[PDB]
Amino acid sequence: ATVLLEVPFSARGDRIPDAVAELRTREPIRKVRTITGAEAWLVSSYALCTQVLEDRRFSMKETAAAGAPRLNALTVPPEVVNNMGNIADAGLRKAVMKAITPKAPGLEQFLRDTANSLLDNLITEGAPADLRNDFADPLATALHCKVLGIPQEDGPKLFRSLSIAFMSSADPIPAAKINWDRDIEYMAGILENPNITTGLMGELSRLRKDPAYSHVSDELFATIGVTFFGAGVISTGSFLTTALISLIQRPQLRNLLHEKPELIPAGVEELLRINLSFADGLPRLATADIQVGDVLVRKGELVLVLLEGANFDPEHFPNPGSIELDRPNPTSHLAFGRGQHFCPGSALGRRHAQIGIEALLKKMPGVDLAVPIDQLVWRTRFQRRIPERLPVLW
Ligand code: HEM
Ligand SMILES: Cc1cc(O)cc(C)c1C[C@@H]1NC(=O)[C@H](Cc2ccc(O)cc2)NC1=O
């Protein structure tokens, strides 16, 4: 006798378990047990993953309901699971979206200047360098302070909430509330601070005093700042870190992109496709009885959409483990999700990674791991897969 298959399968972000392809072939929707003890349906084919993500009857917001089967414990107030819906209901979606595009004047130059400064400092200090803690995460933090309009010197403290805020825990996390409440107070202070006139928080600060938004709550304005900083920084820092591993492990691709940087966008799109940064399937709660493949999912059941299931499905991406810069369907991966909840930061995340990689390959064309790959320490029970340190030489 064996227990019900447990998720997640592996916290390693440098390889997909052979188990994923066996599951997809034999049982592309199947029952699993999460870290809380709840049962859920794990969906691992491209066709069924897109079906779930394009049917709002599989609800994000309802995952927060009391009594629901849970993937993990909430680390935010339950109403914040519906953050984007709340922004939209408040009439703030176009303004938020506009503030977080990479198109703002000087943003790409800021990204390039910051990346080059971080890299020059690593070159001065000498090898080995830690490309997560001393490149990708500081580049993500600096980018999001600029996008939000808040001082660069406030980045580090907001960043240190994230090793707890994005935990994937069986139980509530006391520290998560301590840091959440503090970060909310910080963002409330920002809205009242007359120096803050640019970026997302500068715009929210103005809209808050506009009569057309007079009944939007102050809680929501502060919440948008905390959630967009946290989601953006953890997602871009973690994605760039694991993309750098995939690139370092492919010297032929590293050399090709170094020699022809015009291919970097197509490279980053493949690095997004094969990325293992999301540690768990995306959760949804059924609000009706719905057929998914051979399973009739019942109302109230938890469904987990395994992004690497979709993104390594050979029926959609032939030779899925290979980075191929000339695929016919290159952006059709699910790295940014799909449907109602498609990532609003997708363009910014692409540009963060493209500029970071462009800068690294110019400054460190001989970049290579400085330890055997198995020596990377993969963070556990977290919503992202990341190595604690990424030691490189060049
Ligand atoms: C490479 C970087 C990024 C990746 C891989 C990524 C990935 C994702 C994914 C897969 C989702 C869908 C979640 C779901 O459907 O359950 C999502 C949603 C979201 N992302 Fe991103 N993201 C990235 C960058 C960013 C950035 C830069 C921001 C903000 C600055 C951001 C903010 C959000 C928000 C607010 C949502 C929720 C949208 C909603 O519920 O409608 N992300 N992201
Ligand atoms: C768990 C968490 C902690 C935190 O301190 C801030 C946030 C935004 C989260 C949310 C968590 N992070 C994700 O990236 C995805 C996508 C998402 C992003 C933002 C959002 O507001 C709603 C959903 N899903 C999550 O549940």
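Residues numbered from 1 in each chain as written, not as in the entry; some residues may be left out. Chains lettered and ligands numbered in written order. Heavy atoms only, no water.

A look at the site of ligand 1
Taken together, 21 residues form the shell around ligand 1, and within it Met60, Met84, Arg284, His341 and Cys343 come nearest. Take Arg284: an N or O atom from its side chain is 2.7 Å from an oxygen atom of ligand 1. Between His341 and ligand 1, the recorded distance is 2.8 Å, taken from a side-chain N or O atom to an oxygen atom. The set of elements that each furnish at least two residues to the shell around ligand 1 consists of α11 (218–248) and β5 (282–286). Broken down by element, the residue count for the shell around ligand 1 peaks at six residues, all from α11. Among the residues forming the shell around ligand 1, the class breakdown is twelve nonpolar, eight polar and one charged. (Near = heavy atom within 4 Å. Polar contact = N/O pair within 3.5 Å; in protein donor to acceptor, adjacent residues only side chain to side chain. Helix = DSSP H or I, 4+ residues; strand = E, 2+ residues; numbered from the N terminus. Nonpolar A, V, L, I, M, F, W, Y, C, P; charged D, E, K, R; others polar.)

What about a nonpolar patch on the surface?
Nonpolar side chains collect at one region of the surface, where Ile123, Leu393 and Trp394 lie side by side and expose about 230 Å² of accessible area between them. When its relative accessible area of 32% is taken as the criterion, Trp394 is described as partly exposed. (Patch = residues over 30% accessible without salt bridge, like charges linked within 9 Å, V, L, I, M, F, W, Y side chains within 5 Å. Areas by Shrake-Rupley, 256 points an atom, 1.4 Å probe, with all protein chains shown as cover. Salt bridge = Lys/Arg side-chain N within 4 Å of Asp/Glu carboxyl O. Buried < 20%, exposed > 50% of the residue type's maximum accessible area, 1.4 Å probe, protein only.)

Looking at the sheet that holds strand β9 (residues 368–369)
With antiparallel pairing, three strands are arranged side by side in an open sheet as β4-β10-β9. Edge positions in the sheet fall to β4 (129–130) and β9, since each of these pairs with one other strand and no more. Summarising the sheet, β9 and strand β10 (residues 391–393) pair through two bridges and their orientation is antiparallel. Note that in β10 the partner of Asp368 across the bridge is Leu393. (Pairing = 2+ DSSP bridges.)

Observations concerning the site of ligand 2
Lining the immediate environment of ligand 2, one finds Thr75, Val76, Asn83, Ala165, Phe166, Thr227, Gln383 and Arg384. With respect to ligand 2, the side chain of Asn83 contributes an N or O atom lying 3.1 Å from an oxygen atom. Take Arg384: an N or O atom from its side chain is 3.1 Å from an oxygen atom of ligand 2. Residue composition of the shell around ligand 2, by class: three nonpolar, four polar and one charged.

Some remarks on the pattern of salt bridges
On inspection of all chains with the given rule, the structure shows 20 salt bridges. Between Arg206 and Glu203 there is a salt bridge; the shortest N-O distance is 2.8 Å. Taken together, the positions of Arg206 and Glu203, both in helix α10 (residues 199–208) and three residues apart, correspond to about one turn of that helix. Under the relative-accessibility criterion, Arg206 is labelled partly exposed at 45%. With a relative accessible area of 26%, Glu203 lands in the partly exposed category. With a closest N to O distance of 3.0 Å, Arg327 and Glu270 form a salt bridge. In this pair, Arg327 is assigned in the loop between α14 (307–311) and α15 (346–363) and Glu270 in helix α13 (residues 264–273), connecting sequence segments 57 residues apart.

Some remarks on the environment of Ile274
With respect to the secondary-structure elements, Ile274 resides in the loop between α13 and β5. On the basis of relative accessible area, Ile274 is assigned to the buried category, the value being 8%. Ignoring sequence-local partners within four residues, the contact set of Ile274 consists of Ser246, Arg250, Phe312, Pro320 and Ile323. (Contact = heavy atoms within 4.5 Å.)

So, the UniProt feature "binding site: substrate" in the protein chain
Here the UniProt-annotated "binding site: substrate" positions come out as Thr75, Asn83, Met84, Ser235, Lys299 and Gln383. For the annotated residues, spread through 309 residues, the largest C-alpha to C-alpha distance comes to 30.8 Å, inconsistent with a single compact locus. Structurally, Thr75 is set in the loop between β3 (58–59) and α3 (83–89). Not counting the four nearest positions on each side in its chain, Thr75 is found in contact with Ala165, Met167, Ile173 and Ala176. Of the polar contacts made by the side chain of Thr75, one reaches the backbone oxygen of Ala165; its length is 2.9 Å. Along the chain, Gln383 falls in the loop between β9 and β10. Since its relative accessible area comes to 22%, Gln383 is described here as partly exposed. With residues near it in sequence (within four places) discarded, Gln383 still touches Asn72, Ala165, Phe166, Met167, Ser168, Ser277, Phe278, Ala279 and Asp280. Within the structure, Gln383 has its side chain in polar contact with the backbone oxygen of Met167 (distance 2.9 Å). (UniProt positions renumbered as here; feature names shortened; annotations may be inferred.)

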